[PDB]
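**Q** So here's work23.txt (compact mmCIF, N, CA, C and O atoms).
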```
# COMPACT_ATOMS: atom_id res chain seq x y z
N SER L 55 -80.60 -0.49 55.92
CA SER L 55 -79.46 0.41 55.87
C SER L 55 -79.75 1.71 55.12
O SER L 55 -78.79 2.42 54.75
N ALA L 56 -81.01 2.05 54.88
CA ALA L 56 -81.34 3.26 54.13
C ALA L 56 -80.97 4.54 54.86
O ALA L 56 -80.85 5.58 54.20
N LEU L 57 -80.80 4.50 56.17
CA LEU L 57 -80.36 5.67 56.92
C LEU L 57 -78.85 5.82 56.95
O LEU L 57 -78.35 6.87 57.37
N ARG L 58 -78.10 4.80 56.52
CA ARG L 58 -76.66 4.89 56.42
C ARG L 58 -76.16 5.00 54.99
O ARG L 58 -75.05 5.51 54.78
N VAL L 59 -76.93 4.54 54.01
CA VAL L 59 -76.52 4.68 52.62
C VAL L 59 -76.57 6.14 52.16
O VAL L 59 -75.66 6.61 51.49
N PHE L 60 -77.63 6.86 52.51
CA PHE L 60 -77.86 8.21 52.01
C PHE L 60 -77.80 9.20 53.16
O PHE L 60 -78.07 8.84 54.32
N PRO L 61 -77.44 10.45 52.89
CA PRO L 61 -77.36 11.45 53.95
C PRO L 61 -78.73 11.77 54.53
O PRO L 61 -79.77 11.59 53.90
N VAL L 62 -78.71 12.26 55.77
CA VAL L 62 -79.92 12.68 56.47
C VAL L 62 -79.70 14.11 56.94
O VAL L 62 -78.84 14.37 57.78
N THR L 63 -80.48 15.04 56.39
CA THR L 63 -80.36 16.45 56.71
C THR L 63 -81.41 16.85 57.74
O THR L 63 -82.26 16.05 58.15
N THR L 64 -81.35 18.12 58.17
CA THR L 64 -82.31 18.73 59.09
C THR L 64 -82.50 20.18 58.65
O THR L 64 -81.75 21.08 59.02
N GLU L 65 -83.53 20.43 57.84
CA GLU L 65 -83.81 21.78 57.36
C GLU L 65 -85.28 22.16 57.43
O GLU L 65 -85.59 23.35 57.46
N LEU L 66 -86.18 21.19 57.49
CA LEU L 66 -87.61 21.47 57.48
C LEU L 66 -88.18 21.47 58.89
O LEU L 66 -87.80 20.65 59.74
N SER L 67 -89.10 22.39 59.14
CA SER L 67 -89.77 22.51 60.43
C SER L 67 -90.85 21.43 60.52
O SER L 67 -91.29 20.87 59.52
N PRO L 68 -91.30 21.11 61.74
CA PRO L 68 -92.35 20.09 61.88
C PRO L 68 -93.71 20.50 61.34
O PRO L 68 -94.63 19.67 61.34
N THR L 69 -93.87 21.75 60.88
CA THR L 69 -95.14 22.20 60.32
C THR L 69 -95.09 22.43 58.82
O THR L 69 -96.08 22.90 58.25
N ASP L 70 -93.98 22.10 58.16
CA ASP L 70 -93.86 22.31 56.73
C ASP L 70 -94.64 21.25 55.96
O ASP L 70 -94.90 20.15 56.47
N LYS L 71 -95.02 21.59 54.73
CA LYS L 71 -95.68 20.65 53.84
C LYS L 71 -95.04 20.57 52.46
O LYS L 71 -95.31 19.61 51.73
N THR L 72 -94.21 21.54 52.09
CA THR L 72 -93.65 21.58 50.75
C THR L 72 -92.30 22.29 50.81
O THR L 72 -92.11 23.21 51.60
N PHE L 73 -91.37 21.83 49.97
CA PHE L 73 -90.08 22.49 49.84
C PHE L 73 -89.78 22.72 48.36
O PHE L 73 -90.28 22.02 47.48
N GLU L 74 -88.95 23.74 48.12
CA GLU L 74 -88.63 24.22 46.78
C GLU L 74 -87.13 24.41 46.67
O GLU L 74 -86.47 24.68 47.68
N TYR L 75 -86.59 24.29 45.46
CA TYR L 75 -85.21 24.67 45.19
C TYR L 75 -85.10 25.20 43.77
O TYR L 75 -85.86 24.82 42.87
N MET L 76 -84.12 26.08 43.57
CA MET L 76 -84.00 26.91 42.37
C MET L 76 -82.77 26.52 41.55
O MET L 76 -81.86 25.83 42.02
N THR L 77 -82.76 26.99 40.31
CA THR L 77 -81.66 26.78 39.38
C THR L 77 -81.61 27.96 38.42
O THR L 77 -82.65 28.52 38.06
N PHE L 78 -80.40 28.33 38.00
CA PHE L 78 -80.17 29.47 37.13
C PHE L 78 -79.27 29.06 35.97
O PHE L 78 -78.53 28.08 36.05
N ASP L 79 -79.30 29.85 34.90
CA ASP L 79 -78.60 29.50 33.66
C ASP L 79 -78.41 30.77 32.84
O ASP L 79 -78.96 31.83 33.16
N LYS L 80 -77.64 30.66 31.76
CA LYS L 80 -77.35 31.82 30.92
C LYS L 80 -77.09 31.36 29.49
O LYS L 80 -76.79 30.19 29.24
N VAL L 81 -77.23 32.30 28.55
CA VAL L 81 -76.99 32.07 27.13
C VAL L 81 -76.23 33.27 26.56
O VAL L 81 -76.12 34.32 27.20
N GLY L 82 -75.70 33.10 25.36
CA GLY L 82 -74.99 34.17 24.69
C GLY L 82 -74.00 33.64 23.68
O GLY L 82 -73.82 32.43 23.52
N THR L 83 -73.35 34.57 22.98
CA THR L 83 -72.39 34.24 21.94
C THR L 83 -71.52 35.47 21.66
O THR L 83 -71.64 36.50 22.32
N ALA L 84 -70.63 35.34 20.67
CA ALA L 84 -69.75 36.42 20.26
C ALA L 84 -69.38 36.23 18.80
O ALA L 84 -69.47 35.13 18.26
N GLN L 85 -68.94 37.32 18.16
CA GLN L 85 -68.62 37.30 16.74
C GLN L 85 -67.37 38.13 16.47
O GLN L 85 -66.93 38.92 17.30
N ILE L 86 -66.81 37.93 15.28
CA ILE L 86 -65.73 38.77 14.77
C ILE L 86 -66.33 40.00 14.13
O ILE L 86 -67.19 39.89 13.24
N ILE L 87 -65.89 41.18 14.55
CA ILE L 87 -66.46 42.43 14.07
C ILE L 87 -65.41 43.25 13.35
O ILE L 87 -64.25 42.83 13.22
N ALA L 88 -65.80 44.42 12.86
CA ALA L 88 -64.95 45.33 12.11
C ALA L 88 -64.97 46.71 12.77
O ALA L 88 -65.44 46.88 13.89
N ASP L 89 -64.42 47.70 12.06
CA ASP L 89 -64.28 49.03 12.62
C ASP L 89 -65.64 49.65 12.97
O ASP L 89 -65.86 50.09 14.10
N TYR L 90 -66.56 49.67 12.00
CA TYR L 90 -67.91 50.18 12.21
C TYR L 90 -68.87 48.99 12.19
O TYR L 90 -69.14 48.42 11.13
N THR L 91 -69.38 48.62 13.36
CA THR L 91 -70.36 47.55 13.46
C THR L 91 -71.48 47.98 14.41
O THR L 91 -71.21 48.61 15.43
N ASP L 92 -72.72 47.66 14.04
CA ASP L 92 -73.90 47.98 14.83
C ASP L 92 -74.72 46.73 15.13
O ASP L 92 -75.92 46.82 15.41
N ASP L 93 -74.10 45.55 15.07
CA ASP L 93 -74.82 44.29 15.17
C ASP L 93 -74.18 43.35 16.17
O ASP L 93 -73.99 42.16 15.89
N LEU L 94 -73.83 43.85 17.35
CA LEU L 94 -73.23 43.01 18.36
C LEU L 94 -74.28 42.08 18.96
O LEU L 94 -75.36 42.54 19.36
N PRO L 95 -74.02 40.78 19.04
CA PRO L 95 -74.99 39.85 19.62
C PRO L 95 -75.18 40.09 21.12
O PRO L 95 -74.32 40.65 21.80
N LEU L 96 -76.32 39.63 21.62
CA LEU L 96 -76.74 39.89 23.00
C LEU L 96 -76.74 38.59 23.80
O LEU L 96 -76.60 37.49 23.26
N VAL L 97 -76.91 38.73 25.12
CA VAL L 97 -76.88 37.62 26.07
C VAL L 97 -78.08 37.75 27.00
O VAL L 97 -78.70 38.80 27.10
N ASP L 98 -78.40 36.66 27.70
CA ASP L 98 -79.56 36.62 28.59
C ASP L 98 -79.34 35.54 29.64
O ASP L 98 -78.38 34.77 29.58
N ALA L 99 -80.26 35.47 30.61
CA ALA L 99 -80.20 34.50 31.69
C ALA L 99 -81.57 33.86 31.88
O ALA L 99 -82.56 34.29 31.29
N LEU L 100 -81.62 32.82 32.70
CA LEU L 100 -82.82 32.01 32.87
C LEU L 100 -83.03 31.71 34.35
O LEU L 100 -82.36 32.27 35.22
N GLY L 101 -83.95 30.79 34.62
CA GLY L 101 -84.22 30.31 35.96
C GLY L 101 -85.31 29.26 35.97
O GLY L 101 -86.11 29.17 35.04
N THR L 102 -85.35 28.44 37.02
CA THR L 102 -86.36 27.39 37.16
C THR L 102 -86.35 26.89 38.60
O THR L 102 -85.49 27.26 39.40
N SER L 103 -87.31 26.02 38.92
CA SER L 103 -87.48 25.55 40.28
C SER L 103 -88.12 24.16 40.27
O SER L 103 -88.67 23.72 39.26
N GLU L 104 -88.05 23.49 41.43
CA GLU L 104 -88.62 22.17 41.62
C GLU L 104 -89.37 22.12 42.95
O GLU L 104 -89.31 23.05 43.76
N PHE L 105 -90.09 21.02 43.19
CA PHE L 105 -91.00 20.91 44.32
C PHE L 105 -90.86 19.55 45.00
O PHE L 105 -90.45 18.57 44.38
N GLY L 106 -91.21 19.51 46.28
CA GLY L 106 -91.24 18.25 47.01
C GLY L 106 -92.16 18.33 48.21
O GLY L 106 -92.41 19.41 48.76
N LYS L 107 -92.64 17.16 48.64
CA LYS L 107 -93.68 17.05 49.66
C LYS L 107 -93.21 16.23 50.85
O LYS L 107 -92.13 15.63 50.84
N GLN B 3 -46.59 97.20 -10.34
CA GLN B 3 -47.06 95.82 -10.24
C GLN B 3 -48.37 95.75 -9.47
O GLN B 3 -48.59 96.51 -8.53
N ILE B 4 -49.23 94.82 -9.87
CA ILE B 4 -50.53 94.61 -9.24
C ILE B 4 -50.55 93.22 -8.62
O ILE B 4 -50.25 92.23 -9.30
N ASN B 5 -50.90 93.15 -7.34
CA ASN B 5 -50.90 91.88 -6.63
C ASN B 5 -52.07 91.01 -7.09
O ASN B 5 -53.03 91.48 -7.70
N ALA B 6 -51.96 89.72 -6.79
CA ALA B 6 -52.98 88.74 -7.16
C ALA B 6 -53.30 87.85 -5.97
O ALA B 6 -52.44 87.58 -5.12
N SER B 7 -54.55 87.40 -5.91
CA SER B 7 -55.01 86.48 -4.88
C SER B 7 -55.76 85.33 -5.53
O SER B 7 -56.62 85.55 -6.39
N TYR B 8 -55.43 84.11 -5.12
CA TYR B 8 -55.93 82.92 -5.78
C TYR B 8 -56.75 82.08 -4.80
O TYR B 8 -56.48 82.03 -3.60
N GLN B 9 -57.77 81.41 -5.34
CA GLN B 9 -58.72 80.67 -4.53
C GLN B 9 -59.09 79.38 -5.23
O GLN B 9 -59.39 79.38 -6.43
N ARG B 10 -59.07 78.28 -4.49
CA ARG B 10 -59.45 76.97 -4.99
C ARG B 10 -60.41 76.31 -4.02
O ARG B 10 -60.30 76.49 -2.80
N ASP B 11 -61.35 75.54 -4.56
CA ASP B 11 -62.41 74.92 -3.77
C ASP B 11 -62.15 73.43 -3.58
O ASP B 11 -61.56 72.77 -4.45
N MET B 12 -62.56 72.91 -2.43
CA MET B 12 -62.38 71.50 -2.12
C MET B 12 -63.35 70.64 -2.94
O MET B 12 -64.39 71.11 -3.41
N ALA B 13 -62.98 69.38 -3.10
CA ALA B 13 -63.89 68.41 -3.70
C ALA B 13 -65.00 68.06 -2.72
O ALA B 13 -64.88 68.22 -1.51
N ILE B 14 -66.11 67.58 -3.27
CA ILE B 14 -67.29 67.31 -2.46
C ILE B 14 -67.23 65.94 -1.80
O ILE B 14 -67.54 65.81 -0.61
N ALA B 15 -66.84 64.90 -2.52
CA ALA B 15 -66.97 63.55 -2.00
C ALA B 15 -65.92 62.63 -2.59
O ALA B 15 -65.28 62.94 -3.60
N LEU B 16 -65.75 61.49 -1.94
CA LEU B 16 -64.88 60.40 -2.33
C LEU B 16 -65.71 59.15 -2.53
O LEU B 16 -66.81 59.03 -1.97
N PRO B 17 -65.24 58.20 -3.33
CA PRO B 17 -65.98 56.94 -3.49
C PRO B 17 -66.15 56.23 -2.16
O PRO B 17 -65.22 56.15 -1.35
N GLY B 18 -67.35 55.71 -1.93
CA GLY B 18 -67.64 54.96 -0.73
C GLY B 18 -67.79 55.77 0.54
O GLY B 18 -67.83 55.18 1.62
N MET B 19 -67.87 57.09 0.44
CA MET B 19 -68.01 57.92 1.63
C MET B 19 -69.48 58.12 1.98
O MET B 19 -70.33 58.25 1.10
N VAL B 20 -69.77 58.15 3.27
CA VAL B 20 -71.13 58.37 3.75
C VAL B 20 -71.52 59.82 3.46
O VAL B 20 -70.80 60.75 3.85
N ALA B 21 -72.65 60.01 2.79
CA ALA B 21 -73.04 61.34 2.35
C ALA B 21 -73.58 62.18 3.50
O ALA B 21 -73.03 63.23 3.83
N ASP B 22 -74.68 61.74 4.11
CA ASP B 22 -75.32 62.47 5.19
C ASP B 22 -75.44 61.58 6.41
O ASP B 22 -75.65 60.37 6.31
N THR B 23 -75.31 62.21 7.59
CA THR B 23 -75.44 61.50 8.86
C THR B 23 -76.90 61.46 9.28
O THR B 23 -77.33 62.08 10.26
N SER B 24 -77.69 60.71 8.51
CA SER B 24 -79.15 60.67 8.69
C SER B 24 -79.60 59.21 8.74
O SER B 24 -79.98 58.64 7.71
N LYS B 25 -79.56 58.62 9.93
CA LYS B 25 -80.18 57.32 10.21
C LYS B 25 -79.63 56.22 9.30
O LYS B 25 -80.34 55.64 8.48
N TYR B 26 -78.34 55.94 9.46
CA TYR B 26 -77.68 54.88 8.71
C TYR B 26 -77.67 53.59 9.51
O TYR B 26 -78.14 53.52 10.65
N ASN B 27 -77.14 52.54 8.89
CA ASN B 27 -76.95 51.26 9.56
C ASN B 27 -75.78 50.54 8.91
O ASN B 27 -75.71 50.44 7.68
N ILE B 28 -74.86 50.04 9.73
CA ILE B 28 -73.62 49.43 9.27
C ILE B 28 -73.53 48.02 9.82
O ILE B 28 -73.70 47.80 11.02
N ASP B 29 -73.27 47.05 8.93
CA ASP B 29 -73.04 45.66 9.31
C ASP B 29 -71.54 45.42 9.23
O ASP B 29 -70.92 45.59 8.17
N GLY B 30 -70.95 45.04 10.35
CA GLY B 30 -69.54 44.75 10.45
C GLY B 30 -69.20 43.31 10.76
O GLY B 30 -68.03 43.00 11.01
N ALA B 31 -70.18 42.41 10.74
CA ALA B 31 -69.97 41.00 11.01
C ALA B 31 -69.98 40.17 9.74
O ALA B 31 -70.43 39.02 9.73
N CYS B 32 -69.49 40.74 8.64
CA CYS B 32 -69.40 40.05 7.36
C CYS B 32 -67.95 39.73 7.05
O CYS B 32 -67.02 40.31 7.62
N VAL B 33 -67.75 38.80 6.12
CA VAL B 33 -66.42 38.39 5.71
C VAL B 33 -66.40 38.22 4.19
O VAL B 33 -67.34 37.68 3.61
N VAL B 34 -65.33 38.71 3.57
CA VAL B 34 -65.21 38.63 2.12
C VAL B 34 -64.74 37.23 1.73
O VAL B 34 -63.82 36.67 2.34
N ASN B 35 -65.38 36.66 0.71
CA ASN B 35 -65.13 35.28 0.30
C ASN B 35 -64.80 35.24 -1.18
O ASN B 35 -65.64 35.61 -2.01
N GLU B 36 -63.59 34.78 -1.51
CA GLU B 36 -63.22 34.41 -2.87
C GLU B 36 -63.39 35.59 -3.83
O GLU B 36 -64.25 35.60 -4.72
N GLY B 37 -62.57 36.60 -3.61
CA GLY B 37 -62.51 37.73 -4.51
C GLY B 37 -62.02 38.97 -3.80
O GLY B 37 -61.50 38.91 -2.69
N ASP B 38 -62.20 40.11 -4.47
CA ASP B 38 -61.86 41.42 -3.93
C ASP B 38 -63.04 42.36 -4.11
O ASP B 38 -63.75 42.30 -5.11
N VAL B 39 -63.24 43.23 -3.12
CA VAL B 39 -64.35 44.18 -3.12
C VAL B 39 -63.79 45.59 -3.11
O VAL B 39 -62.99 45.94 -2.23
N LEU B 40 -64.20 46.39 -4.09
CA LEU B 40 -63.82 47.79 -4.14
C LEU B 40 -64.74 48.63 -3.26
O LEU B 40 -65.91 48.29 -3.08
N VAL B 41 -64.20 49.72 -2.71
CA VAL B 41 -65.04 50.65 -1.97
C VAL B 41 -65.97 51.36 -2.94
O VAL B 41 -65.59 51.66 -4.08
N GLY B 42 -67.20 51.61 -2.50
CA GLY B 42 -68.18 52.25 -3.35
C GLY B 42 -68.81 51.35 -4.39
O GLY B 42 -69.28 51.85 -5.41
N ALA B 43 -68.83 50.04 -4.16
CA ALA B 43 -69.43 49.09 -5.08
C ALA B 43 -70.35 48.15 -4.32
O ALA B 43 -70.13 47.87 -3.14
N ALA B 44 -71.38 47.67 -5.01
CA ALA B 44 -72.36 46.80 -4.37
C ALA B 44 -71.77 45.42 -4.11
O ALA B 44 -70.82 44.99 -4.77
N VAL B 45 -72.35 44.73 -3.13
CA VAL B 45 -71.92 43.38 -2.75
C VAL B 45 -73.14 42.47 -2.75
O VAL B 45 -74.28 42.91 -2.95
N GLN B 46 -72.89 41.18 -2.53
CA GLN B 46 -73.94 40.18 -2.45
C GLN B 46 -73.58 39.17 -1.37
O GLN B 46 -72.40 38.94 -1.08
N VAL B 47 -74.61 38.56 -0.80
CA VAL B 47 -74.46 37.58 0.27
C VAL B 47 -74.62 36.18 -0.31
O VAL B 47 -75.67 35.85 -0.88
N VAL B 48 -73.58 35.37 -0.17
CA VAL B 48 -73.59 34.01 -0.72
C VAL B 48 -74.25 33.03 0.23
O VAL B 48 -75.13 32.26 -0.16
N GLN B 49 -73.84 33.04 1.50
CA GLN B 49 -74.39 32.11 2.48
C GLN B 49 -74.25 32.72 3.86
O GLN B 49 -73.17 33.20 4.23
N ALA B 50 -75.33 32.70 4.63
CA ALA B 50 -75.34 33.17 6.00
C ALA B 50 -75.31 31.96 6.92
O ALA B 50 -76.19 31.10 6.85
N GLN B 51 -74.30 31.90 7.78
CA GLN B 51 -74.14 30.75 8.67
C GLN B 51 -75.29 30.67 9.65
O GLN B 51 -75.79 31.68 10.14
N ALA B 52 -75.72 29.43 9.94
CA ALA B 52 -76.90 29.22 10.77
C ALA B 52 -76.66 29.53 12.24
O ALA B 52 -77.52 30.14 12.88
N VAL B 53 -75.51 29.13 12.79
CA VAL B 53 -75.24 29.24 14.21
C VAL B 53 -74.09 30.21 14.49
O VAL B 53 -74.12 30.96 15.47
```
Translate the structure described by the file into structure tokens.

**A**
Amino acid sequence: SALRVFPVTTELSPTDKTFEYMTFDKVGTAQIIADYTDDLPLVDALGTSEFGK
Amino acid sequence: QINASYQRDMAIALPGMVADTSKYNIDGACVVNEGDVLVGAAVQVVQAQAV
């Protein structure tokens, strides 16, 4: 029943050997400030990937 | 009668005022803890939060 328990997709060509998928993320923060402030915190983003055969 | 003309000069500075606009730096993410702080007086840092 392994073909009915889990989904079966169709995305790879008959000549493929490897597939990849990506992921993204972000970081950052915030603070309480005053009238004159020059120290605002910053933010950034990320990324990563995986492989299959 | 002889007329008169009077002239007075402004003061130069106030306590805690920035003197020259030459490459300063201001920290505004501080908080006063357990006391009062006068303008134009030095301060000290008791504890800086980690996160």

**Q** Please return, as a list in words, all residues of chain L lying within 7 Å of chain B when only N, CA, C and O atoms are considered.

**A**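 Listed by rising number, the hits are residues 84, 85, 86, 87, 88, 89, 90, 91, 92 and 93 of chain L.
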
**Q** Write out as a PyMOL selection string all residues of chain L that DSSP puts in strand (DSSP E) for this structure's backbone.

**A** chain L and resi 73-81+98-106

**Q** Excluding region 60-75 of chain L and residues on its chain fewer than 2 positions from it, collect all residues at most 5 Å away from it, counting all atoms listed in the file, and give them as a VMD selection string.

**A** chain L and resid 56 to 58 77 102 to 107

**Q** Could you name the residues that touch region 38-47 of chain B at 6 Å or less, counting only N, CA, C and O atoms, but leaving out those on the same chain fewer than 2 positions away, as a VMD selection string?

**A** chain B and resid 17 to 18 36 49

**Q** What is the atom O of residue 79 (chain L)-CA of residue 97 (chain L) distance in Å, reported with one decimal?

**A** 9.4 Å

**Q** Could you tell me how far CA of residue 50 (chain B) lies from CA of residue 24 (chain B), in Å and to one decimal?

**A**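 CA of residue 50 (chain B) sits 27.9 Å away from CA of residue 24 (chain B).
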
**Q** Just to confirm, what's the straight-line distance from atom C of residue 80 (chain L) to atom N of residue 34 (chain B) in Å (one decimal)?

**A**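 Between these atoms lies a distance of 29.4 Å.
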
**Q** Using the file's own x, y and z axes, so that the box edges lie along x, y and z, what centre and edge lengths in Å (one decimal) does a box around every listed atom of region 12-28 of chain B get when 5 Å is added on each side? Give it as AutoDock Vina command-line options.

**A**
```
--center_x -71.4 --center_y 60.4 --center_z 3.7 --size_x 28.0 --size_y 35.1 --size_z 24.7
```

**Q** Using backbone DSSP assignments, extract all alpha helix (DSSP H) residues from chain L; output them as a ChimeraX atom specification.

**A** /L:56-59

**Q** Could you turn the residues from that selection into a file that holds N, CA, C and O atoms, as a PDB file, keeping the file's coordinate frame?

**A**
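The resulting file, again-v5.pdb, is reproduced below:
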```
ATOM      1  N   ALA L  56     -81.010   2.050  54.880  1.00  0.00           N
ATOM      2  CA  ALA L  56     -81.340   3.260  54.130  1.00  0.00           C
ATOM      3  C   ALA L  56     -80.970   4.540  54.860  1.00  0.00           C
ATOM      4  O   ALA L  56     -80.850   5.580  54.200  1.00  0.00           O
ATOM      5  N   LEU L  57     -80.800   4.500  56.170  1.00  0.00           N
ATOM      6  CA  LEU L  57     -80.360   5.670  56.920  1.00  0.00           C
ATOM      7  C   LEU L  57     -78.850   5.820  56.950  1.00  0.00           C
ATOM      8  O   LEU L  57     -78.350   6.870  57.370  1.00  0.00           O
ATOM      9  N   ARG L  58     -78.100   4.800  56.520  1.00  0.00           N
ATOM     10  CA  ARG L  58     -76.660   4.890  56.420  1.00  0.00           C
ATOM     11  C   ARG L  58     -76.160   5.000  54.990  1.00  0.00           C
ATOM     12  O   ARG L  58     -75.050   5.510  54.780  1.00  0.00           O
ATOM     13  N   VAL L  59     -76.930   4.540  54.010  1.00  0.00           N
ATOM     14  CA  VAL L  59     -76.520   4.680  52.620  1.00  0.00           C
ATOM     15  C   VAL L  59     -76.570   6.140  52.160  1.00  0.00           C
ATOM     16  O   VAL L  59     -75.660   6.610  51.490  1.00  0.00           O
TER      17      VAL L  59
END
```
